[PDB]
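Colleague: Contents of input25.cif (mmCIF, C-alpha atoms and all ligand atoms) are given next:
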data_my_file
#
loop_
_atom_site.label_atom_id
_atom_site.label_comp_id
_atom_site.auth_asym_id
_atom_site.auth_seq_id
_atom_site.Cartn_x
_atom_site.Cartn_y
_atom_site.Cartn_z
CA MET O 1 -60.91 59.13 15.06
CA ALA O 2 -62.86 56.75 12.80
CA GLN O 3 -61.68 58.98 9.98
CA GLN O 4 -58.92 58.55 7.40
CA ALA O 5 -57.91 62.07 6.42
CA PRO O 6 -55.53 64.51 4.69
CA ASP O 7 -55.92 65.38 1.06
CA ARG O 8 -53.48 63.00 -0.59
CA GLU O 9 -51.17 65.94 -1.24
CA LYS O 10 -51.13 67.15 2.36
CA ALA O 11 -50.32 63.62 3.52
CA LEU O 12 -47.99 62.66 0.70
CA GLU O 13 -45.49 65.40 1.26
CA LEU O 14 -45.88 64.76 4.97
CA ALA O 15 -44.39 61.31 4.44
CA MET O 16 -42.45 62.40 1.41
CA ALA O 17 -40.66 64.68 3.88
CA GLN O 18 -40.20 61.85 6.38
CA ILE O 19 -38.38 60.01 3.61
CA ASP O 20 -35.75 62.69 2.95
CA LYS O 21 -34.98 62.97 6.65
CA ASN O 22 -34.38 59.21 6.71
CA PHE O 23 -32.60 58.51 3.42
CA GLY O 24 -31.46 61.92 2.21
CA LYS O 25 -32.48 64.54 -0.33
CA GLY O 26 -32.68 63.14 -3.84
CA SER O 27 -34.52 60.19 -2.30
CA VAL O 28 -37.91 61.31 -3.69
CA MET O 29 -38.73 63.60 -6.62
CA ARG O 30 -41.45 64.93 -8.93
CA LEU O 31 -39.76 64.96 -12.33
CA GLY O 32 -41.22 68.47 -12.71
CA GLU O 33 -39.71 70.22 -9.73
CA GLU O 34 -37.12 72.98 -10.23
CA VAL O 35 -35.99 72.28 -6.65
CA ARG O 36 -33.11 74.21 -5.04
CA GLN O 37 -29.81 75.73 -6.18
CA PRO O 38 -26.87 74.59 -4.02
CA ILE O 39 -24.08 77.12 -4.63
CA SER O 40 -21.69 74.36 -5.76
CA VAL O 41 -21.18 72.93 -9.25
CA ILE O 42 -18.45 72.45 -11.88
CA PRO O 43 -19.47 73.73 -15.29
CA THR O 44 -19.25 71.08 -18.05
CA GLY O 45 -18.49 73.45 -20.91
CA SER O 46 -21.83 72.57 -22.45
CA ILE O 47 -24.49 75.03 -21.36
CA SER O 48 -26.55 72.37 -23.10
CA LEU O 49 -25.57 69.55 -20.75
CA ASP O 50 -25.34 71.48 -17.51
CA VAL O 51 -28.81 73.02 -17.79
CA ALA O 52 -29.77 69.37 -17.98
CA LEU O 53 -27.73 68.33 -14.98
CA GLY O 54 -30.19 70.51 -13.14
CA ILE O 55 -27.44 72.48 -11.40
CA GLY O 56 -25.31 74.13 -14.07
CA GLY O 57 -22.79 71.29 -14.15
CA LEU O 58 -21.29 68.41 -12.18
CA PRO O 59 -22.22 68.68 -8.43
CA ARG O 60 -19.08 69.24 -6.38
CA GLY O 61 -19.06 66.59 -3.68
CA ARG O 62 -20.32 63.64 -5.69
CA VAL O 63 -19.02 60.52 -7.28
CA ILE O 64 -19.87 60.96 -10.96
CA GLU O 65 -19.88 58.08 -13.48
CA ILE O 66 -19.68 58.67 -17.19
CA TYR O 67 -20.03 55.47 -19.14
CA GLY O 68 -20.33 55.29 -22.89
CA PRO O 69 -18.83 53.50 -25.95
CA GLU O 70 -15.53 54.49 -27.48
CA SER O 71 -14.85 57.83 -29.12
CA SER O 72 -18.05 59.49 -27.95
CA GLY O 73 -17.05 62.21 -25.50
CA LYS O 74 -16.82 61.15 -21.83
CA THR O 75 -13.27 62.29 -21.22
CA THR O 76 -13.52 65.36 -23.49
CA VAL O 77 -16.26 66.20 -21.05
CA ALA O 78 -14.10 65.01 -18.15
CA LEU O 79 -11.10 67.05 -19.28
CA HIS O 80 -13.30 70.09 -19.59
CA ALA O 81 -14.72 69.28 -16.18
CA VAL O 82 -11.08 69.56 -15.02
CA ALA O 83 -10.15 72.62 -17.04
CA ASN O 84 -12.89 74.55 -15.23
CA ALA O 85 -12.67 73.56 -11.55
CA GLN O 86 -8.94 74.01 -12.30
CA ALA O 87 -9.24 77.45 -13.91
CA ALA O 88 -11.20 78.49 -10.82
CA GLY O 89 -8.45 77.86 -8.32
CA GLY O 90 -9.06 74.13 -8.15
CA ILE O 91 -6.46 71.37 -8.40
CA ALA O 92 -7.32 68.27 -10.48
CA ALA O 93 -5.75 64.84 -10.00
CA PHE O 94 -6.05 62.26 -12.75
CA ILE O 95 -5.57 58.54 -12.07
CA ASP O 96 -4.57 57.08 -15.45
CA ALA O 97 -5.03 53.36 -15.99
CA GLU O 98 -5.57 53.50 -19.73
CA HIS O 99 -2.24 55.14 -20.49
CA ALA O 100 -3.85 57.11 -23.31
CA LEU O 101 -4.02 60.83 -22.60
CA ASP O 102 -2.92 63.52 -25.03
CA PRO O 103 -1.95 66.56 -23.06
CA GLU O 104 -2.02 68.91 -26.04
CA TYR O 105 -5.63 67.91 -26.43
CA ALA O 106 -6.33 68.56 -22.77
CA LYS O 107 -4.29 71.69 -23.46
CA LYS O 108 -6.50 72.98 -26.26
CA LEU O 109 -9.47 72.50 -23.96
CA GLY O 110 -7.93 74.69 -21.30
CA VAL O 111 -6.38 72.17 -18.95
CA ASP O 112 -3.29 73.34 -17.17
CA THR O 113 -1.31 70.16 -17.76
CA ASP O 114 1.85 71.23 -15.99
CA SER O 115 -0.15 71.71 -12.85
CA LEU O 116 -2.10 68.55 -13.47
CA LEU O 117 -1.44 65.60 -11.18
CA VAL O 118 -1.20 62.35 -13.10
CA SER O 119 -0.73 58.92 -11.67
CA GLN O 120 -0.21 55.58 -13.36
CA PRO O 121 -1.05 52.83 -10.80
CA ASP O 122 -0.02 49.22 -11.19
CA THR O 123 -3.00 47.47 -9.59
CA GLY O 124 -6.63 48.51 -9.64
CA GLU O 125 -6.25 48.34 -5.89
CA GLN O 126 -3.32 50.76 -5.49
CA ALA O 127 -5.12 53.20 -7.81
CA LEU O 128 -8.16 53.53 -5.57
CA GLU O 129 -5.78 54.02 -2.70
CA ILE O 130 -3.57 56.69 -4.15
CA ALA O 131 -6.82 58.37 -5.17
CA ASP O 132 -8.40 57.73 -1.79
CA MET O 133 -5.61 59.33 0.19
CA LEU O 134 -5.10 61.94 -2.49
CA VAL O 135 -8.68 63.03 -1.96
CA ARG O 136 -8.48 62.92 1.82
CA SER O 137 -5.89 65.73 1.72
CA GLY O 138 -8.73 67.93 0.47
CA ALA O 139 -6.35 69.70 -1.92
CA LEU O 140 -7.84 68.23 -5.07
CA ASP O 141 -11.40 69.18 -5.92
CA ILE O 142 -11.85 67.11 -9.10
CA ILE O 143 -10.24 63.69 -9.46
CA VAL O 144 -10.89 61.52 -12.49
CA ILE O 145 -10.07 57.79 -12.61
CA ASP O 146 -9.75 56.64 -16.21
CA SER O 147 -11.50 53.27 -16.70
CA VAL O 148 -13.60 51.58 -14.06
CA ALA O 149 -12.70 48.63 -16.27
CA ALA O 150 -8.93 48.79 -16.52
CA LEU O 151 -8.83 48.40 -12.72
CA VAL O 152 -7.52 44.83 -12.45
CA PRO O 153 -6.53 43.66 -8.88
CA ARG O 154 -3.15 42.13 -7.84
CA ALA O 155 -4.52 38.66 -8.40
CA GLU O 156 -4.82 39.67 -11.99
CA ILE O 157 -6.92 39.94 -15.15
CA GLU O 158 -10.51 41.24 -15.43
CA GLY O 159 -12.83 38.27 -15.94
CA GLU O 160 -10.92 35.43 -14.25
CA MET O 161 -10.58 33.84 -10.77
CA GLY O 162 -11.67 30.62 -8.99
CA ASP O 163 -12.66 28.03 -6.33
CA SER O 164 -15.03 27.86 -3.37
CA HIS O 165 -15.54 31.61 -3.98
CA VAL O 166 -15.16 33.82 -7.08
CA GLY O 167 -15.89 37.46 -8.06
CA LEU O 168 -12.89 39.85 -8.04
CA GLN O 169 -13.04 43.52 -9.19
CA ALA O 170 -16.64 44.34 -8.11
CA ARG O 171 -15.68 44.26 -4.42
CA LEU O 172 -12.54 46.38 -4.68
CA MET O 173 -15.03 48.86 -6.07
CA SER O 174 -17.61 48.01 -3.43
CA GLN O 175 -14.76 48.50 -0.97
CA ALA O 176 -13.01 51.63 -2.24
CA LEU O 177 -16.35 53.20 -3.01
CA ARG O 178 -17.81 53.04 0.51
CA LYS O 179 -14.53 54.02 2.08
CA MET O 180 -14.22 56.76 -0.52
CA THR O 181 -17.78 58.13 -0.69
CA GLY O 182 -17.50 59.09 2.95
CA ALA O 183 -14.38 61.23 2.86
CA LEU O 184 -14.99 62.19 -0.80
CA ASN O 185 -17.34 64.91 0.16
CA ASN O 186 -16.70 66.16 3.66
CA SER O 187 -13.88 67.64 1.58
CA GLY O 188 -16.26 68.38 -1.27
CA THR O 189 -13.97 66.77 -3.85
CA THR O 190 -16.22 65.52 -6.68
CA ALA O 191 -15.01 62.39 -8.47
CA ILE O 192 -15.41 61.19 -12.05
CA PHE O 193 -15.10 57.63 -13.44
CA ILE O 194 -14.94 56.80 -17.14
CA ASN O 195 -16.69 53.46 -17.67
CA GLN O 196 -17.53 52.08 -21.14
CA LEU O 197 -18.92 50.31 -24.21
CA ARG O 198 -21.36 47.65 -25.51
CA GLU O 199 -24.42 49.34 -27.05
CA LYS O 200 -26.61 52.26 -28.18
CA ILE O 201 -30.04 50.85 -27.25
CA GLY O 202 -29.46 48.02 -24.78
CA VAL O 203 -26.63 46.44 -22.82
CA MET O 204 -25.72 43.04 -24.32
CA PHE O 205 -22.32 41.30 -24.46
CA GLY O 206 -20.14 38.96 -22.41
CA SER O 207 -21.68 38.61 -18.95
CA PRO O 208 -24.26 41.28 -20.13
CA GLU O 209 -25.95 44.21 -18.30
CA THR O 210 -24.57 46.04 -15.25
CA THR O 211 -20.77 45.53 -15.81
CA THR O 212 -17.07 44.98 -15.03
CA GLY O 213 -17.07 46.88 -11.74
CA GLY O 214 -20.54 48.30 -12.21
CA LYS O 215 -23.01 47.51 -9.42
CA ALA O 216 -21.21 49.43 -6.67
CA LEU O 217 -20.41 52.47 -8.81
CA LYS O 218 -23.90 52.13 -10.32
CA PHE O 219 -25.23 52.64 -6.76
CA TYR O 220 -22.73 55.05 -5.26
CA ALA O 221 -22.75 57.39 -8.23
CA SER O 222 -24.86 60.45 -7.47
CA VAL O 223 -24.98 61.14 -11.19
CA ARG O 224 -24.47 58.89 -14.21
CA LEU O 225 -24.04 60.06 -17.77
CA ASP O 226 -24.83 57.85 -20.75
CA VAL O 227 -22.63 59.55 -23.33
CA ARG O 228 -23.32 58.14 -26.82
CA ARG O 229 -22.24 59.42 -30.22
CA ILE O 230 -25.18 60.29 -32.50
CA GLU O 231 -23.89 61.68 -35.81
CA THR O 232 -20.70 62.66 -37.61
CA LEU O 233 -20.53 66.43 -37.99
CA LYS O 234 -20.01 66.96 -41.70
CA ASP O 235 -17.92 69.96 -42.73
CA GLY O 236 -18.66 70.33 -46.41
CA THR O 237 -15.40 68.40 -46.79
CA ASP O 238 -15.21 65.28 -44.62
CA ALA O 239 -16.11 66.38 -41.04
CA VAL O 240 -15.39 68.99 -38.30
CA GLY O 241 -16.53 66.94 -35.33
CA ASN O 242 -19.18 64.70 -33.79
CA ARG O 243 -22.48 65.44 -32.16
CA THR O 244 -22.97 63.94 -28.76
CA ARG O 245 -26.05 63.00 -26.82
CA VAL O 246 -26.06 62.70 -23.06
CA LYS O 247 -28.80 60.91 -21.13
CA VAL O 248 -28.25 61.61 -17.40
CA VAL O 249 -29.98 58.36 -16.36
CA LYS O 250 -29.40 58.87 -12.62
CA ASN O 251 -29.58 62.22 -10.86
CA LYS O 252 -29.60 62.29 -7.05
CA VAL O 253 -28.95 66.05 -7.05
CA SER O 254 -32.13 67.07 -8.90
CA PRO O 255 -34.49 65.49 -11.44
CA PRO O 256 -33.12 62.73 -13.71
CA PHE O 257 -33.83 61.55 -17.24
CA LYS O 258 -33.17 64.89 -18.96
CA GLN O 259 -30.61 65.13 -21.79
CA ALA O 260 -28.39 67.40 -23.82
CA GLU O 261 -26.48 67.39 -27.06
CA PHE O 262 -23.54 69.37 -28.32
CA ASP O 263 -20.64 69.08 -30.66
CA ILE O 264 -17.01 68.08 -30.30
CA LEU O 265 -14.77 69.34 -33.07
CA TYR O 266 -11.86 67.11 -33.98
CA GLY O 267 -9.21 68.57 -31.74
CA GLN O 268 -10.72 71.72 -30.29
CA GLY O 269 -13.30 70.35 -27.87
CA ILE O 270 -16.96 70.96 -27.11
CA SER O 271 -18.09 73.91 -29.24
CA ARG O 272 -19.29 76.64 -26.89
CA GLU O 273 -20.49 78.48 -30.00
CA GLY O 274 -22.42 75.73 -31.73
CA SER O 275 -23.91 75.04 -28.31
CA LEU O 276 -25.27 78.66 -28.07
CA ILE O 277 -26.91 78.50 -31.49
CA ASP O 278 -28.66 75.26 -30.53
CA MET O 279 -29.74 76.54 -27.12
CA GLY O 280 -30.05 80.01 -28.65
CA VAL O 281 -32.72 78.82 -31.08
CA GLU O 282 -34.53 76.20 -28.95
CA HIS O 283 -35.35 79.06 -26.59
CA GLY O 284 -36.00 81.74 -29.19
CA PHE O 285 -33.35 84.42 -28.59
CA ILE O 286 -31.92 83.25 -31.97
CA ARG O 287 -34.23 83.12 -34.99
CA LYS O 288 -34.00 80.82 -37.98
CA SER O 289 -35.80 79.90 -41.23
CA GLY O 290 -34.09 80.69 -44.50
CA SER O 291 -31.30 78.58 -43.04
CA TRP O 292 -30.06 81.98 -41.85
CA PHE O 293 -29.72 82.22 -38.06
CA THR O 294 -30.37 85.77 -36.80
CA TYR O 295 -29.92 87.26 -33.32
CA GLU O 296 -32.92 89.59 -33.06
CA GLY O 297 -32.63 91.57 -36.26
CA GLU O 298 -28.93 91.14 -36.79
CA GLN O 299 -28.03 87.95 -38.60
CA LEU O 300 -25.18 85.55 -37.72
CA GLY O 301 -24.75 83.67 -40.97
CA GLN O 302 -26.12 81.06 -43.35
CA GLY O 303 -25.71 77.54 -41.98
CA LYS O 304 -24.83 76.45 -38.42
CA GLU O 305 -21.08 76.46 -38.93
CA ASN O 306 -21.03 79.92 -40.47
CA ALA O 307 -23.03 81.41 -37.60
CA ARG O 308 -20.85 79.23 -35.45
CA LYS O 309 -17.69 81.03 -36.52
CA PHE O 310 -19.51 84.36 -36.21
CA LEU O 311 -20.05 83.59 -32.54
CA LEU O 312 -16.54 82.18 -32.33
CA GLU O 313 -14.97 85.47 -33.42
CA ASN O 314 -17.72 87.73 -32.06
CA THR O 315 -17.50 87.12 -28.31
CA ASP O 316 -19.37 90.35 -27.56
CA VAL O 317 -22.65 89.06 -28.92
CA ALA O 318 -21.82 85.48 -27.88
CA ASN O 319 -21.66 86.45 -24.19
CA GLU O 320 -24.99 88.22 -24.55
CA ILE O 321 -26.63 85.01 -25.78
CA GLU O 322 -24.91 82.80 -23.21
CA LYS O 323 -26.22 85.46 -20.88
CA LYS O 324 -29.84 85.82 -22.09
CA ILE O 325 -29.89 82.01 -22.11
CA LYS O 326 -28.42 81.96 -18.64
CA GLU O 327 -31.24 83.63 -16.71
CA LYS O 328 -33.93 82.33 -19.05
CA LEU O 329 -32.88 79.13 -17.34
CA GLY O 330 -30.99 79.33 -14.03
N1 LIG P 401 -6.14 64.06 -29.13
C1 LIG P 401 -7.23 64.26 -29.86
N2 LIG P 401 -7.14 65.14 -30.92
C2 LIG P 401 -8.24 65.37 -31.67
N3 LIG P 401 -9.47 64.83 -31.50
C3 LIG P 401 -9.54 63.96 -30.44
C4 LIG P 401 -8.50 63.62 -29.59
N4 LIG P 401 -8.92 62.73 -28.64
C5 LIG P 401 -10.19 62.54 -28.93
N5 LIG P 401 -10.63 63.25 -30.00
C6 LIG P 401 -11.87 63.41 -30.75
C7 LIG P 401 -12.08 62.37 -31.82
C8 LIG P 401 -13.36 61.65 -31.45
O1 LIG P 401 -14.36 61.79 -32.43
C9 LIG P 401 -13.84 62.24 -30.14
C10 LIG P 401 -13.93 61.26 -28.96
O2 LIG P 401 -13.63 61.87 -27.69
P1 LIG P 401 -13.04 61.16 -26.54
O3 LIG P 401 -12.88 62.11 -25.43
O4 LIG P 401 -11.85 60.49 -26.98
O5 LIG P 401 -14.24 60.25 -25.95
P2 LIG P 401 -14.18 59.32 -24.65
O6 LIG P 401 -12.80 59.47 -24.07
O7 LIG P 401 -15.26 59.64 -23.86
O8 LIG P 401 -14.39 57.85 -25.18
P3 LIG P 401 -13.40 56.51 -25.15
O9 LIG P 401 -14.09 55.63 -24.32
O10 LIG P 401 -13.22 55.95 -26.59
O11 LIG P 401 -12.08 56.73 -24.50
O12 LIG P 401 -12.92 63.31 -29.82
#
The structure given in the file should be rewritten as structure tokens.
Ligand SMILES: Nc1ncnc2c1ncn2[C@H]1C[C@H](O)[C@@H](COP(=O)(O)OP(=O)(O)OP(=O)(O)O)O1
Modeller:
Amino acid sequence: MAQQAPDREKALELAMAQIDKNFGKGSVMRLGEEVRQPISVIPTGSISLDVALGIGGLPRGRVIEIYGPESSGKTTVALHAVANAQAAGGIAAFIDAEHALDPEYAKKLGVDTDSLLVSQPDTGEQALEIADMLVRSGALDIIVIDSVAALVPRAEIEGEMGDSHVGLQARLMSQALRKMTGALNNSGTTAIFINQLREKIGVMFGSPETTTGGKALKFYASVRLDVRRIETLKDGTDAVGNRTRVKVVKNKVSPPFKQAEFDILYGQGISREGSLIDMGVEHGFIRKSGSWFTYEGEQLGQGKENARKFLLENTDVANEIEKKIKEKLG
């Protein structure tokens, strides 16, 4: 009228709404928001991690990337990811390109191997196809491709080509990805890609940042987990496991930048127990000091691991805590 107008807020969310309607949901966010609870999500075995994913676990219907150095967790997470959506009626396909999977490990974590679909492609091209048409059938829910890096095209090798044009791999990805993101979730079949290595504070190396097939996946991924090993879980003797830190650096399904930790015991998986003590204390329900963890009056033991076994063998109480923790969160 000759007036500018609405209180920032009343005009911000007026446009901020416009945005969503034009580019989607996760398009704009206030890191603080609790924002929605879509009734879909694969638990990640770590109450720790999935209360950080903002939706109780990996969002069914989304390409999920889990990069991170070697021997730090990704797949152990992945496998668990499978175990669950599998142990809930789901069928998980696994496109192996690393040729390094130990079923009895996947077994100990609760994966039904015999009913697990494995595939060992020959070209990084074929792989994306058998996994593209394997996901179009809508039978699989969770499909995990091992190594966004070991996906070398027919013209071969990863980091070699030439003349009047150049770049291989990152294209096949670009390709597969578009063509796969579509279908991928009309079916609601969430996908997971293990990617990996070169850091713990900054990406430097040969042909540095971003990566091998990166870019595309780095843009299609609706979630990205930076899984890096932090410390070697001592066990009095040498060591029971490793503690893992996860920095969900990209979350299109809620707020990003959060993070969780948890342990992985050498052959046994992500410790549900240890994970309840941690959560259990960082939210009160479990009291400390004296190095004696105590669940409201009743004690658990003297020293993480001891209270850890207590919870291991005492499921009754354990469930309670997982519980109390559950609604104290979401
Ligand atoms: N078959 C196994 N038996 C016992 N422990 C295992 C086994 N496989 C892996 N681990 C343990 C040892 C390591 O400290 C830890 C690493 O987990 P892992 O799932 O192998 O990480 P990752 O698969 O994400 O990383 P990488 O990139 O090296 O493949 O788990």
Colleague: Pick from O:143, O:133, O:64, O:58: nearest to residue 94 of chain O, with all atoms listed in the file counted?
Modeller: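 Closest to residue 94 of chain O of all the choices is O:143.
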Colleague: Can I get the residues close to ligand LIG 401 (chain P) as a PyMOL selection string, where close means within 6 Å and we count all atoms listed in the file?
Modeller: chain O and resi 69-76+102+105+196+242+266-267
Colleague: One decimal, Å: what's the distance from atom CA of residue 142 of chain O over to atom CA of residue 115 of chain O, could you say?
Modeller: 13.1 Å
Colleague: Counting only C-alpha atoms, select every polymer residue within 10 Å of (-31.1, 75.1, -5.9) as defined in the file's coordinates, and provide the selection as a tab-separated table (two decimals) with C-alpha atoms, in the frame of the given file.
Modeller:
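File out21.tsv, as written:
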chain	number	residue	atom	x	y	z
O	34	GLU	CA	-37.12	72.98	-10.23
O	35	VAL	CA	-35.99	72.28	-6.65
O	36	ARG	CA	-33.11	74.21	-5.04
O	37	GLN	CA	-29.81	75.73	-6.18
O	38	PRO	CA	-26.87	74.59	-4.02
O	39	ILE	CA	-24.08	77.12	-4.63
O	40	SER	CA	-21.69	74.36	-5.76
O	54	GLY	CA	-30.19	70.51	-13.14
O	55	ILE	CA	-27.44	72.48	-11.40
O	253	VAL	CA	-28.95	66.05	-7.05
O	254	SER	CA	-32.13	67.07	-8.90
O	330	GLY	CA	-30.99	79.33	-14.03
Colleague: Might you pull out every residue within 8 Å of residue 77 of chain O, with only C-alpha atoms counted and same-chain residues fewer than 4 positions away left off, and present them as number ranges by chain?
Modeller: O: 44-45, 73, 81, 270
Colleague: Which residues come within 12 Å of segment 151-159 of chain O, counting all atoms listed in the file, excluding same-chain residues fewer than 2 positions away, as a PDB file with C-alpha atoms, keeping the file's coordinate frame?
Modeller:
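Output below, filename around.pdb:
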ATOM      1  CA  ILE O  95      -5.570  58.540 -12.070  1.00  0.00           C
ATOM      2  CA  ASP O  96      -4.570  57.080 -15.450  1.00  0.00           C
ATOM      3  CA  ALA O  97      -5.030  53.360 -15.990  1.00  0.00           C
ATOM      4  CA  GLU O  98      -5.570  53.500 -19.730  1.00  0.00           C
ATOM      5  CA  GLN O 120      -0.210  55.580 -13.360  1.00  0.00           C
ATOM      6  CA  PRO O 121      -1.050  52.830 -10.800  1.00  0.00           C
ATOM      7  CA  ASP O 122      -0.020  49.220 -11.190  1.00  0.00           C
ATOM      8  CA  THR O 123      -3.000  47.470  -9.590  1.00  0.00           C
ATOM      9  CA  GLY O 124      -6.630  48.510  -9.640  1.00  0.00           C
ATOM     10  CA  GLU O 125      -6.250  48.340  -5.890  1.00  0.00           C
ATOM     11  CA  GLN O 126      -3.320  50.760  -5.490  1.00  0.00           C
ATOM     12  CA  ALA O 127      -5.120  53.200  -7.810  1.00  0.00           C
ATOM     13  CA  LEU O 128      -8.160  53.530  -5.570  1.00  0.00           C
ATOM     14  CA  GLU O 129      -5.780  54.020  -2.700  1.00  0.00           C
ATOM     15  CA  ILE O 145     -10.070  57.790 -12.610  1.00  0.00           C
ATOM     16  CA  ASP O 146      -9.750  56.640 -16.210  1.00  0.00           C
ATOM     17  CA  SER O 147     -11.500  53.270 -16.700  1.00  0.00           C
ATOM     18  CA  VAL O 148     -13.600  51.580 -14.060  1.00  0.00           C
ATOM     19  CA  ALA O 149     -12.700  48.630 -16.270  1.00  0.00           C
ATOM     20  CA  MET O 161     -10.580  33.840 -10.770  1.00  0.00           C
ATOM     21  CA  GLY O 162     -11.670  30.620  -8.990  1.00  0.00           C
ATOM     22  CA  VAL O 166     -15.160  33.820  -7.080  1.00  0.00           C
ATOM     23  CA  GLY O 167     -15.890  37.460  -8.060  1.00  0.00           C
ATOM     24  CA  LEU O 168     -12.890  39.850  -8.040  1.00  0.00           C
ATOM     25  CA  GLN O 169     -13.040  43.520  -9.190  1.00  0.00           C
ATOM     26  CA  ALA O 170     -16.640  44.340  -8.110  1.00  0.00           C
ATOM     27  CA  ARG O 171     -15.680  44.260  -4.420  1.00  0.00           C
ATOM     28  CA  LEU O 172     -12.540  46.380  -4.680  1.00  0.00           C
ATOM     29  CA  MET O 173     -15.030  48.860  -6.070  1.00  0.00           C
ATOM     30  CA  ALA O 176     -13.010  51.630  -2.240  1.00  0.00           C
ATOM     31  CA  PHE O 193     -15.100  57.630 -13.440  1.00  0.00           C
ATOM     32  CA  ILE O 194     -14.940  56.800 -17.140  1.00  0.00           C
ATOM     33  CA  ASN O 195     -16.690  53.460 -17.670  1.00  0.00           C
ATOM     34  CA  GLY O 206     -20.140  38.960 -22.410  1.00  0.00           C
ATOM     35  CA  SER O 207     -21.680  38.610 -18.950  1.00  0.00           C
ATOM     36  CA  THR O 211     -20.770  45.530 -15.810  1.00  0.00           C
ATOM     37  CA  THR O 212     -17.070  44.980 -15.030  1.00  0.00           C
ATOM     38  CA  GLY O 213     -17.070  46.880 -11.740  1.00  0.00           C
ATOM     39  CA  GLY O 214     -20.540  48.300 -12.210  1.00  0.00           C
TER      40      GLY O 214
END
Colleague: Compile the contact shell of residue 41 of chain O as a PyMOL selection string: residues with an atom at most 6 Å away, counting only C-alpha atoms, same-chain residues fewer than 4 positions apart removed.
Modeller: chain O and resi 57-60
Colleague: Separation of atom CA of residue 119 of chain O and atom CA of residue 187 of chain O, in Å?
Modeller: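 Atom CA of residue 187 of chain O lies at a distance of 20.6 Å from atom CA of residue 119 of chain O.
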Colleague: What is the atom CA of residue 273 of chain O-atom CA of residue 307 of chain O distance in Å, reported with one decimal?
Modeller: 8.5 Å
Colleague: Considering only C-alpha atoms, state which residue in the set O:261, O:141, O:177, O:67 is at the smallest distance from residue 203 of chain O.
Modeller: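 Checking each of O:261, O:141, O:177, O:67 against residue 203 of chain O, counting only C-alpha atoms, the winner is O:67.
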Colleague: Env of residue 235 of chain O: 12 Å cut, atoms = all atoms listed in the file, seq-sep filter 6 positions within chain, self excluded. Answer as an MDAnalysis selection string.
Modeller: chainID O and resid 241:242 265:266 303:306
Colleague: Using the file's own x, y and z axes, what box holds all listed atoms of segment 218-228 of chain O with 6 Å on each side, keeping edges along x, y and z, and what are its centre and edge lengths in Å to one decimal, as AutoDock Vina command-line options?
Modeller:
--center_x -23.9 --center_y 56.6 --center_z -16.0 --size_x 14.6 --size_y 21.0 --size_z 33.6
Colleague: Can you work out which one of O:134, O:230, O:311, O:150 has the shortest atom-to-atom distance to residue 191 of chain O, counting all atoms listed in the file?
Modeller: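 So, comparing all the options, the nearest one is O:134.
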Colleague: Give me the residues near residue 296 of chain O as a VMD selection string, where near means some atom within 9 Å (using only C-alpha atoms) and where sequence neighbours in that chain fewer than 6 positions away do not count.
Modeller: chain O and resid 285 to 287
Colleague: From the options O:315, O:268, O:181, O:302, which residue's atoms come nearest to residue 135 of chain O, counting all atoms listed in the file?
Modeller: O:181
Colleague: Of the candidates O:10, O:250, O:108, O:62, which shows the shortest atom-to-atom distance to residue 79 of chain O, using all atoms listed in the file?
Modeller: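 Residue with the minimum atom-to-atom distance to residue 79 of chain O: O:108.
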Colleague: With distances taken over all atoms listed in the file, which of O:15, O:113, O:4, O:49 is nearest to residue 263 of chain O?
Modeller: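 Comparing O:15, O:113, O:4, O:49 against residue 263 of chain O, the winner is O:49.
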Colleague: Kindly complete segment 233-239 of chain O to N, CA, C and O atoms; the output should be written as a PDB file, in the frame of the given file.
Modeller:
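Okay, this is what ended up in part10.pdb:
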ATOM      1  N   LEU O 233     -20.494  65.073 -37.472  1.00  0.00           N
ATOM      2  CA  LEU O 233     -20.530  66.430 -37.990  1.00  0.00           C
ATOM      3  C   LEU O 233     -19.808  66.656 -39.297  1.00  0.00           C
ATOM      4  O   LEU O 233     -18.585  66.772 -39.331  1.00  0.00           O
ATOM      5  N   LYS O 234     -20.576  66.720 -40.380  1.00  0.00           N
ATOM      6  CA  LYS O 234     -20.010  66.960 -41.700  1.00  0.00           C
ATOM      7  C   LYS O 234     -19.431  68.373 -41.681  1.00  0.00           C
ATOM      8  O   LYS O 234     -19.770  69.188 -40.819  1.00  0.00           O
ATOM      9  N   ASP O 235     -18.557  68.656 -42.638  1.00  0.00           N
ATOM     10  CA  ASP O 235     -17.920  69.960 -42.730  1.00  0.00           C
ATOM     11  C   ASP O 235     -17.762  70.344 -44.192  1.00  0.00           C
ATOM     12  O   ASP O 235     -16.741  70.919 -44.582  1.00  0.00           O
ATOM     13  N   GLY O 236     -18.774  70.047 -44.998  1.00  0.00           N
ATOM     14  CA  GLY O 236     -18.660  70.330 -46.410  1.00  0.00           C
ATOM     15  C   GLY O 236     -17.685  69.281 -46.912  1.00  0.00           C
ATOM     16  O   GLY O 236     -18.058  68.404 -47.693  1.00  0.00           O
ATOM     17  N   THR O 237     -16.439  69.362 -46.439  1.00  0.00           N
ATOM     18  CA  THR O 237     -15.400  68.400 -46.790  1.00  0.00           C
ATOM     19  C   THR O 237     -15.779  67.088 -46.099  1.00  0.00           C
ATOM     20  O   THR O 237     -16.898  66.604 -46.270  1.00  0.00           O
ATOM     21  N   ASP O 238     -14.875  66.510 -45.319  1.00  0.00           N
ATOM     22  CA  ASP O 238     -15.210  65.280 -44.620  1.00  0.00           C
ATOM     23  C   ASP O 238     -15.980  65.476 -43.299  1.00  0.00           C
ATOM     24  O   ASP O 238     -17.125  65.033 -43.199  1.00  0.00           O
ATOM     25  N   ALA O 239     -15.403  66.162 -42.310  1.00  0.00           N
ATOM     26  CA  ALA O 239     -16.110  66.380 -41.040  1.00  0.00           C
ATOM     27  C   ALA O 239     -15.330  67.187 -39.976  1.00  0.00           C
ATOM     28  O   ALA O 239     -14.150  66.929 -39.731  1.00  0.00           O
TER      29      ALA O 239
END
